[PDB]
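Trainee: I am sharing start.pdb, which consists of PDB, C-alpha atoms (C1' of nucleotides):
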MODEL        1
ATOM      1  CA  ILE A 153      95.953  86.265  84.632
ATOM      2  CA  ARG A 154      95.352  82.922  82.846
ATOM      3  CA  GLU A 155      98.102  83.915  80.470
ATOM      4  CA  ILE A 156     100.089  85.370  83.426
ATOM      5  CA  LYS A 157     100.500  81.785  84.756
ATOM      6  CA  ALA A 158     100.198  79.590  81.576
ATOM      7  CA  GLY A 159     102.891  81.451  79.654
ATOM      8  CA  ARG A 160     103.365  85.140  80.364
ATOM      9  CA  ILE A 161     106.174  87.695  79.916
ATOM     10  CA  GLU A 162     105.322  91.070  78.331
ATOM     11  CA  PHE A 163     107.497  94.072  77.341
ATOM     12  CA  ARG A 164     108.626  97.577  78.433
ATOM     13  CA  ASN A 165     111.723  99.525  77.479
ATOM     14  CA  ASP A 166     114.013 100.957  80.141
ATOM     15  CA  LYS A 167     115.463 104.485  80.100
ATOM     16  CA  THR A 168     118.153 104.726  77.423
ATOM     17  CA  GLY A 169     116.255 102.352  75.090
ATOM     18  CA  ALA A 170     116.287  98.599  75.690
ATOM     19  CA  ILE A 171     113.888  95.699  76.305
ATOM     20  CA  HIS A 172     114.326  92.714  78.637
ATOM     21  CA  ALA A 173     112.570  89.365  78.502
ATOM     22  CA  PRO A 174     112.674  85.556  78.887
ATOM     23  CA  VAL A 175     112.583  83.813  75.489
ATOM     24  CA  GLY A 176     112.965  80.194  76.600
ATOM     25  CA  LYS A 177     114.262  77.825  79.270
ATOM     26  CA  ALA A 178     117.915  76.727  79.554
ATOM     27  CA  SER A 179     117.866  72.883  79.230
ATOM     28  CA  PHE A 180     114.554  73.436  77.356
ATOM     29  CA  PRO A 181     114.176  72.008  73.815
ATOM     30  CA  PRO A 182     116.447  74.071  71.542
ATOM     31  CA  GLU A 183     114.041  74.308  68.599
ATOM     32  CA  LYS A 184     111.583  75.504  71.218
ATOM     33  CA  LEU A 185     113.881  78.202  72.519
ATOM     34  CA  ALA A 186     113.959  79.263  68.837
ATOM     35  CA  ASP A 187     110.143  79.326  68.796
ATOM     36  CA  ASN A 188     110.235  81.784  71.665
ATOM     37  CA  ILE A 189     113.131  83.947  70.438
ATOM     38  CA  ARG A 190     110.785  84.428  67.502
ATOM     39  CA  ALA A 191     107.669  85.032  69.726
ATOM     40  CA  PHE A 192     109.693  88.004  70.902
ATOM     41  CA  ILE A 193     110.840  88.858  67.296
ATOM     42  CA  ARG A 194     107.200  89.239  66.313
ATOM     43  CA  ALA A 195     105.617  90.905  69.336
ATOM     44  CA  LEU A 196     108.513  93.345  69.299
ATOM     45  CA  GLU A 197     108.494  94.150  65.573
ATOM     46  CA  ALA A 198     104.865  94.877  66.377
ATOM     47  CA  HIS A 199     105.186  97.214  69.388
ATOM     48  CA  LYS A 200     107.916  99.025  67.385
ATOM     49  CA  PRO A 201     106.560 102.613  67.231
ATOM     50  CA  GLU A 202     106.254 104.485  63.877
ATOM     51  CA  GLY A 203     108.824 107.064  64.918
ATOM     52  CA  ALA A 204     111.634 105.018  63.418
ATOM     53  CA  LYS A 205     114.232 105.812  60.772
ATOM     54  CA  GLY A 206     116.955 103.249  60.062
ATOM     55  CA  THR A 207     118.220 100.486  62.351
ATOM     56  CA  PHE A 208     115.448  99.974  64.901
ATOM     57  CA  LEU A 209     116.052  96.539  66.429
ATOM     58  CA  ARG A 210     119.668  97.544  66.788
ATOM     59  CA  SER A 211     121.148  94.829  68.962
ATOM     60  CA  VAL A 212     119.185  91.634  69.702
ATOM     61  CA  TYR A 213     120.873  89.049  71.905
ATOM     62  CA  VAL A 214     120.386  85.704  73.565
ATOM     63  CA  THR A 215     122.374  85.860  76.758
ATOM     64  CA  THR A 216     121.927  84.128  80.049
ATOM     65  CA  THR A 217     121.288  85.228  83.598
ATOM     66  CA  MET A 218     124.679  84.531  85.101
ATOM     67  CA  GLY A 219     126.254  82.967  82.012
ATOM     68  CA  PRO A 220     127.149  83.648  78.376
ATOM     69  CA  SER A 221     126.616  86.613  76.024
ATOM     70  CA  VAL A 222     125.644  85.802  72.426
ATOM     71  CA  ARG A 223     124.435  88.417  70.046
ATOM     72  CA  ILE A 224     121.896  86.945  67.627
ATOM     73  CA  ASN A 225     120.311  87.436  64.153
ATOM     74  CA  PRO A 226     116.451  86.962  64.707
ATOM     75  CA  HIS A 227     115.908  87.362  60.984
ATOM     76  CA  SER A 228     116.571  83.612  60.503
TER      77      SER A 228
ATOM     78  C1'   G B   1     116.407  89.614 106.348
ATOM     79  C1'   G B   2     116.684  94.216 105.694
ATOM     80  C1'   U B   3     117.169  99.928 103.639
ATOM     81  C1'   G B   4     114.308 102.531  99.396
ATOM     82  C1'   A B   5     112.058 105.732  94.438
ATOM     83  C1'   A B   6     115.706 101.698  93.781
ATOM     84  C1'   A B   7     119.003  96.074  96.254
ATOM     85  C1'   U B   8     123.145  94.184  96.132
ATOM     86  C1'   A B   9     126.194  87.090  93.716
ATOM     87  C1'   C B  10     127.517  86.965  89.493
ATOM     88  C1'   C B  11     126.144  87.039  83.493
ATOM     89  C1'   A B  12     123.483  90.675  80.280
ATOM     90  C1'   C B  13     122.331  95.019  77.153
ATOM     91  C1'   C B  14     122.004 100.834  77.454
ATOM     92  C1'   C B  15     123.399 105.864  78.785
ATOM     93  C1'   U B  16     126.391 110.919  81.723
ATOM     94  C1'   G B  17     131.468 111.771  81.930
ATOM     95  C1'   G B  18     137.470 111.446  81.100
ATOM     96  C1'   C B  19     141.211 108.548  78.348
ATOM     97  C1'   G B  20     143.473 103.974  75.252
ATOM     98  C1'   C B  21     143.835 103.102  69.639
ATOM     99  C1'   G B  22     141.747 102.279  64.595
ATOM    100  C1'   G B  23     138.703 104.726  59.093
ATOM    101  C1'   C B  24     136.788 109.227  57.435
ATOM    102  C1'   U B  25     137.592 114.612  57.272
ATOM    103  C1'   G B  26     137.504 119.940  59.626
ATOM    104  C1'   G B  27     141.520 124.348  61.656
ATOM    105  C1'   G B  28     146.427 125.272  60.802
ATOM    106  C1'   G B  29     152.966 126.282  61.336
ATOM    107  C1'   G B  30     157.600 125.927  59.254
ATOM    108  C1'   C B  31     162.886 126.448  53.693
ATOM    109  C1'   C B  32     161.957 123.901  50.112
ATOM    110  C1'   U B  33     160.552 123.699  44.933
ATOM    111  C1'   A B  34     160.622 121.619  39.855
ATOM    112  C1'   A B  35     154.501 124.483  37.373
ATOM    113  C1'   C B  36     154.010 129.938  37.970
ATOM    114  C1'   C B  37     155.503 135.721  38.455
ATOM    115  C1'   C B  38     159.188 138.976  38.549
ATOM    116  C1'   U B  39     163.801 137.527  36.815
ATOM    117  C1'   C B  40     169.587 139.250  35.999
ATOM    118  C1'   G B  41     172.822 143.568  35.442
ATOM    119  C1'   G B  42     176.039 143.279  29.616
ATOM    120  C1'   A B  43     174.098 135.389  27.227
ATOM    121  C1'   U B  44     168.642 129.998  26.472
ATOM    122  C1'   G B  45     172.982 129.502  32.840
ATOM    123  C1'   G B  46     173.092 132.798  37.929
ATOM    124  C1'   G B  47     169.350 135.440  40.746
ATOM    125  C1'   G B  48     164.478 137.232  43.374
ATOM    126  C1'   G B  49     159.251 135.778  44.798
ATOM    127  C1'   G B  50     156.531 130.209  44.754
ATOM    128  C1'   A B  51     151.985 126.279  44.834
ATOM    129  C1'   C B  52     151.459 132.111  46.320
ATOM    130  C1'   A B  53     149.841 135.235  43.518
ATOM    131  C1'   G B  54     148.673 135.521  38.604
ATOM    132  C1'   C B  55     145.089 133.106  35.817
ATOM    133  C1'   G B  56     139.679 129.315  33.677
ATOM    134  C1'   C B  57     134.941 128.385  36.111
ATOM    135  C1'   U B  58     131.608 128.407  40.000
ATOM    136  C1'   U B  59     130.460 130.954  45.378
ATOM    137  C1'   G B  60     128.755 134.566  48.224
ATOM    138  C1'   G B  61     128.954 140.038  49.153
ATOM    139  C1'   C B  62     129.602 145.242  48.691
ATOM    140  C1'   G B  63     128.276 148.004  44.501
ATOM    141  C1'   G B  64     125.329 154.757  41.322
ATOM    142  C1'   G B  65     130.767 154.328  39.523
ATOM    143  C1'   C B  66     127.274 152.404  35.408
ATOM    144  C1'   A B  67     122.513 150.632  33.115
ATOM    145  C1'   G B  68     116.810 150.185  31.730
ATOM    146  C1'   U B  69     111.850 151.933  34.021
ATOM    147  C1'   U B  70     108.716 153.206  37.409
ATOM    148  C1'   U B  71     107.817 157.513  41.121
ATOM    149  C1'   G B  72      98.332 156.999  40.735
ATOM    150  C1'   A B  73      93.450 159.348  40.587
ATOM    151  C1'   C B  74      90.080 162.809  42.040
ATOM    152  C1'   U B  75      89.822 167.608  43.069
ATOM    153  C1'   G B  76      84.591 175.355  41.040
ATOM    154  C1'   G B  77      94.097 175.272  37.784
ATOM    155  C1'   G B  78      98.896 171.944  39.553
ATOM    156  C1'   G B  79     101.671 170.791  44.551
ATOM    157  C1'   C B  80     100.474 171.133  49.534
ATOM    158  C1'   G B  81      95.757 169.752  51.792
TER     159        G B  81
ENDMDL
END
Give the structure from this file in structure tokens form.
Mentor:
Amino acid sequence: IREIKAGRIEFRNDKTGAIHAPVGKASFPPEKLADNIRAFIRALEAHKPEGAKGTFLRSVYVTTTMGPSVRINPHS
RNA sequence: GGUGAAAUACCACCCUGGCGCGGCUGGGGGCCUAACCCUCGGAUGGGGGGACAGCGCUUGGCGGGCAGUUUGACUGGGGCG
């Protein structure tokens, strides 16, 4: 629970095949937001089951609650 | 606040289903017509069929018409047993 309140999130994929999670705060330091986008990049790449074959992380995007929609390239 | 398995703003990504249009390629329907076949009927020009069927290779399938072999041993014979 320590983590739960110091800096928690976690994963889970919904039906058809997607994951949902907070990777930073709005006004938060940009670089930082990058740091978290990555946090997700890693943890995810990890969880990524071995029953893959091709384009696994198909579409990865930074989007906001009630705001913009920006697909992203978490490779760099 | 509530109703529930789920909660409603609005901004996200992802499916079931029907249509917009854009690349690939699958089915196919029409004279032609110049290769091609037959051509013509008395001349290398007319005509008749025509991208077909001829025909090269590769595909799969029939296929005794043919081919080359085979189709056991024991056992008061050999077979049948």
Trainee: Might you pull out every residue within 9 Å of stretch 6-16 of chain B, with all atoms listed in the file counted and same-chain residues fewer than 5 positions away left off, and present them as a count of residues only?
Mentor: 18
Trainee: For a quick check of understanding, using all atoms listed in the file, which of A:222, A:158, A:209, A:153 has the smallest distance to chain B?
Mentor: A:222
Trainee: Kindly give the distance, in Å, that separates atom CA of residue A:156 and atom CA of residue A:196, rounded to a single decimal.
Mentor: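 We find that atom CA of residue A:156 and atom CA of residue A:196 lie 18.3 Å from each other.
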Trainee: Using the file's own x, y and z axes, so that the box edges lie along x, y and z, what centre and edge lengths in Å (one decimal) does a box around every listed atom of stretch 184-202 of chain A get when 3 Å is added on each side? Give it as lines of an AutoDock Vina configuration file.
Mentor:
center_x = 109.4
center_y = 90.0
center_z = 68.2
size_x = 15.1
size_y = 35.0
size_z = 14.6
Trainee: Skipping near chain neighbours, those fewer than 2 positions away, what residues fall within 12 Å of residue A:191 using all atoms listed in the file, listed as JSON, numbers by chain?
Mentor: {"A": [159, 160, 161, 162, 163, 173, 174, 175, 176, 184, 185, 186, 187, 188, 189, 193, 194, 195, 196, 197, 198, 226]}
Trainee: Give me, as number ranges by chain, all polymer residues having an atom no more than 10 Å from stretch 44-56 of chain B, counting all atoms listed in the file and skipping those fewer than 6 positions away in the same chain.
Mentor: B: 32-33, 35-38
Trainee: So how many Å separate atom CA of residue A:228 and atom CA of residue A:200, to one decimal?
Mentor: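 Between atom CA of residue A:228 and atom CA of residue A:200 the gap works out to 19.0 Å.
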Trainee: For atom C1' of residue B:59 and atom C1' of residue B:29, determine how far apart the two atoms are, in Å to one decimal place.
Mentor: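 The value is 28.0 Å.
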Trainee: Taking all atoms listed in the file into account, name the residue in A:210, A:154, A:177, A:199 that is nearest to chain B.
Mentor: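 Closest to chain B of all the choices is A:210.
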